[PDB]
Structure formats: C-alpha cells, structure tokens
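Okay, here's what each chain looks like letter by letter:
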Amino acid sequence: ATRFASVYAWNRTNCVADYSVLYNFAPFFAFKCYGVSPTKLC
Amino acid sequence: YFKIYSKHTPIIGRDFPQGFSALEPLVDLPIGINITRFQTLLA
Amino acid sequence: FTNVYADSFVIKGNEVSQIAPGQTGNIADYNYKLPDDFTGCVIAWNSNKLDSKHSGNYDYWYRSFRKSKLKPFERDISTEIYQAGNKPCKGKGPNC
Ligand SMILES: *[C@@H]1O[C@H](CO)[C@@H](O[C@@H]2O[C@H](CO)[C@@H](O)[C@H](O)[C@H]2NC(C)=O)[C@H](O)[C@H]1NC(C)=O
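A short tour of the structure in this document, coming up.

Quick notes on the rules
- Residues numbered from 1 in each chain as written, not as in the entry; some residues may be left out.
- Chains lettered and ligands numbered in written order.
- Part of a larger assembly, values for the part shown.
- Heavy atoms only, no water.
- Helix = DSSP H or I, 4+ residues; strand = E, 2+ residues; numbered from the N terminus.
- Buried < 20%, exposed > 50% of the residue type's maximum accessible area, 1.4 Å probe, protein only.
- Areas by Shrake-Rupley, 256 points an atom, 1.4 Å probe, with all protein chains shown as cover.
- Contact = heavy atoms within 4.5 Å.
- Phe/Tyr/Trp six-rings, centres within 6.5 Å; stacked < 30°, edge-to-face > 60°.
- Buried area = accessible area lost by both parts, 1.4 Å probe.
- Salt bridge = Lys/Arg side-chain N within 4 Å of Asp/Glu carboxyl O.
- Polar contact = N/O pair within 3.5 Å; in protein donor to acceptor, adjacent residues only side chain to side chain.
- Nonpolar A, V, L, I, M, F, W, Y, C, P; charged D, E, K, R; others polar.
- Patch = residues over 30% accessible without salt bridge, like charges linked within 9 Å, V, L, I, M, F, W, Y side chains within 5 Å.
- Near = heavy atom within 4 Å.

This next bit is on the overall build of chain B. Across its full length, chain B carries zero helices and two strands. For chain B, buried positions account for 0% of its 43 residues. With the model as given, the accessible surface of chain B reaches about 4900 Å², and the carbon-plus-sulfur share is 60%.

Quick look at the structure:
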C-alpha cells in the first residue's frame, strides 16, 4: 500500500488467487495458518 | 515394519546351488524408518 | 491382541477428529497419518488440568511445514529448515 490502512479496510475478494505472489512481494516476519500452509488450493 | 525372514540351508559347495528352498519368518521389528539406503557390516 | 502398540501423544481438542482413518489436516498430514485400513482403539481425554500453564506450556510442539505427507505409522523428528518460498535459503531466512 502507498499508505497503510487500519482494520476498517476489510477488502472483499471472482478473482483467481495466487499466494506465491505474496511470498514474491516480500519475506514475512511471521506466517501462521489454521489452514494448510502452502494453501493455493477454493 | 522391518520384517526379517530367513533360512539356513546346510546341504552344493561351489556357489548358488540352483536348489529350491524356502525362507521362514523370524521377526517383524516396529522401527518405522523410511530406510531408503542400506549398508553391510563386516568383522 | 497379537502384536499391540500404544501410541501416546497430546493434541488440541479440534484435532481429535483427525486421529482416524482417512482424515486430513495439520496432524493427519504432517504429524501422523493413521492407515486407512486401521484396527484398534483411539482413546482421548481432556488434560487441561495437567498440561496447561498460565504463561503457556510450550513443551508440546506441532509440525506445520513439511515437504510431503507421511505414510502410515511413520515418524519424523527432523528439525531441518523448510523453505516456504522460492529462494533456496538456509537457517532462519526470508522465506525459510
Ligand atoms: C523416503 O526417502 C526419500 C529419499 O530418500 C524421500 O523422497 C524425497 O522426498 C522429498 C520430499 O519429501 C523430495 O523433494 C525428494 O526429491 C525425494 N527424493 C527421492 C529420491 O525420492 C521420501 O519422501 C521419503 N519418504 C517419506 C514418507 O517422506
């Protein structure tokens, strides 16, 4: 984001979602997931 | 399960006999290791 | 019985349903896969009074990342770093 938003910015997601791009954007300090960690699979 | 079956065949001195024999179960150790590779142990 | 084994472990309540043949999730997939052809008994009880601590009991560890699923009765206690991204990093890493 150009400027970070507070919790109000709950953005709704008809788009294919690729989660590897998120790892391509930046490394993460922490990453937890109740769902399986690789994910990218409706 | 590391299943070990064996037979001692004290009968054909020179090499593989070509004889028909059968192995008997001995033990089925519950180790649970993937064991992709193995090696021998010599004295 | 003929040859009987008793497997002892601690899980979360929401994971009790995963210790059964055919189940998936972080436990069935990455900690212990139970065979689909399974004969035996799964006995579970609440241990909040024994295992929990006010500050949090961190002695119990759950595997969250692995490169493949486990086979029946397989155990793997390796702590080698797993790469979650595309970079082949070592040690604690940007995508490790
Ligand atoms: C048993 O060992 C083999 C290798 O000795 C494992 O196969 C490897 O699995 C990883 C992913 O977990 C792959 O990235 C490698 O390319 C595989 N190599 C080979 C030669 O197959 C196998 O996964 C192990 N068994 C289990 C249940 O993990």
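Taken together, the two pairs of chains in contact show their highest number of contacts between chains A and C. Over all C-alpha pairs, chain A and chain B never come within contact, reaching a minimum spacing of 24 Å.

Throughout the structure, instances matching the rule amount to seven aromatic pairs over all chains. A centroid spacing of 6.2 Å and a plane angle of 55° characterise the contact between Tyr 1 of chain B and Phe 73 of chain C, whose relative ring orientation is tilted. Of this pair, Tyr 1 of chain B sits in the segment before β1 (2–6) while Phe 73 of chain C sits in the segment after α2 (48–51), each in a different chain. Residue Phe 73 of chain C is classed as partly exposed on the basis of its relative accessible area, which comes to 29%. Summarising the aromatic geometry, the rings of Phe 65 of chain C and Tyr 82 of chain C are spaced 6.0 Å apart at their centres and angled 35° between planes, so their arrangement reads as tilted. Note that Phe 65 of chain C is positioned in the segment after α2 and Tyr 82 of chain C in the segment after α2, a separation of 17 residues in sequence.

Moving on: the interface of chain C and chain A. Facing nine residues of chain C, the contacting portion of chain A comprises ten residues. Carbon and sulfur atoms make up 46% of the area that chain C and chain A hide from each other, which totals about 700 Å². Our count for the chain C to chain A interface comes out at zero salt bridges. Our count for the contact surface shared by chain C and chain A stands at zero residue pairs in polar contact. Grouping the constituent residues of the side of chain C that touches chain A by class yields four nonpolar, five polar and no charged.

With that out of the way, let us pick up the interface of chain C and chain B. Each partner contributes to the interface: chain C provides five residues, whereas chain B provides five residues. Surface buried jointly by chain C and chain B totals about 420 Å² across both partners, of which 44% is contributed by carbon and sulfur atoms. Counting the surface chain C buries against chain B, the share from its top three residues, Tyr 5, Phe 73 and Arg 75 of chain C, is 76%. Linking chain C with chain B are zero salt bridges, by the criterion used here. Counting across the interface, chain C meets chain B through zero residue pairs in polar contact.

Glancing now at a nonpolar patch on the surface. Residues and elements named next belong to chain B. Taken together, the side chains of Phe 2, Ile 4, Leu 26, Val 27, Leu 29, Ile 31, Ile 33 and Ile 35 define a hydrophobic patch exposed on the protein surface, amounting to about 700 Å² of accessible area. Those elements giving two or more residues to the nonpolar patch turn out to be β1 and β2 (24–29). Examining the composition of the nonpolar patch, we find that three residues originate from one element, β2, more than from any other. Counting through the fold element by element, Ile 4 comes out in strand β1.

Further remarks concern the site of the ligand. Lining the immediate surroundings of the ligand are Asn 34 and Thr 36 of chain B together with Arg 66, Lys 67, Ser 68 and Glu 74 of chain C. Near the ligand, residues from chains B and C are present, making the site a shared one. A distance of 2.3 Å separates an oxygen atom of the ligand from a polar side-chain atom of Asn 34 of chain B. Within the contact set of the ligand, an oxygen atom lies 3.2 Å away from a side-chain nitrogen or oxygen of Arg 66 of chain C. Protein burial of the ligand: of its 570 Å² of free accessible surface, 42% is covered by the chains. Class assignment for the residues of the shell around the ligand results in no nonpolar, three polar and three charged.

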